[PDB]
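Read the single chain below, which is given as structure tokens and is the form deposited in one PDB entry.
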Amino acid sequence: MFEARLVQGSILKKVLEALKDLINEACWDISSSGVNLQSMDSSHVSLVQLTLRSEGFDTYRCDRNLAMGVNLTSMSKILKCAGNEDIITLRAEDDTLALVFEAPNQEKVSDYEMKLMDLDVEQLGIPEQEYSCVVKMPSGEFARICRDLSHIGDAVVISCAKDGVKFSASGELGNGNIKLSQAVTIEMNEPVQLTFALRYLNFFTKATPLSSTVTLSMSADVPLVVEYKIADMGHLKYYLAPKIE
């Protein structure tokens, strides 16, 4: 028997809006430690990693470890039925997932039973390594940058140095250059210059409501890490394969 109560229903609503546009089906791994999700996209080019620590939930119980095959689109539709102030309860047994929406400002109780599915997908393991550059900046600033450069080109050249960070794009209309100065903080070991598809970055930036800040971890010839810390509850990480150069 699994039962997790989250007072901040919005968190789960936002988490699902951040995922649904990148992945349609993902396996939700439940354990005594908390909720874990690790899935790669349809184009096999980006990877999502969600971690919601049990300590982040008001109530958390997990008798047996579950691996629920969820259709993120269906779960999103269900979560859209939850009010922005609702207390969300997740309850599952070792066939379906039950979502209960307790409304604070009313005597209304919503109870949804979502059909699960069997997911035979590619499981990939990410070793936590050290990056040559780690940029921490306002999530909104980042989302604006990615959206802006999208009007100029398809790829973004992220150049990270001691001074600041630079994002550039080129297209048929001309070229663009956004230079940020060191709140923006840089934990650089070696300077890095990497090229990434803006298409994918703009899917990642859908996690913007989750955090006031975003962190970009870069090391040469390795995927980018765009992390959104949830609220001491956990995080949501997006990995993006760099462009062959």
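Shifts are known only where both forms have a C-alpha. For clarity, a rigid core is taken as the largest C-alpha set superposing within 1.5 Å between two forms. The first residue of the shown sequence is 1; numbering continues from there.
Same protein, other form: the form deposited in another entry, not shown, and the subject of what follows.
Displaced residue between this form and the one not shown, judged on C-alpha after the rigid core is fitted, out of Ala155, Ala103, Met114, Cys81 (threshold 2 Å or more): Looking at each option in turn, only one qualifies, and it is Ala103.
Pair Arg199/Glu122, Cα separation in the other entry versus the displayed form, closer or farther by 3 angstroms or more: Those two alpha carbons end up farther apart in the other entry.
Consecutive stretches, 3 or more residues long, displaced between this form and the one not shown (C-alpha shift of at least 2 Å once the core is aligned): Runs moving 2 Å or more: 103-106, 120-123.
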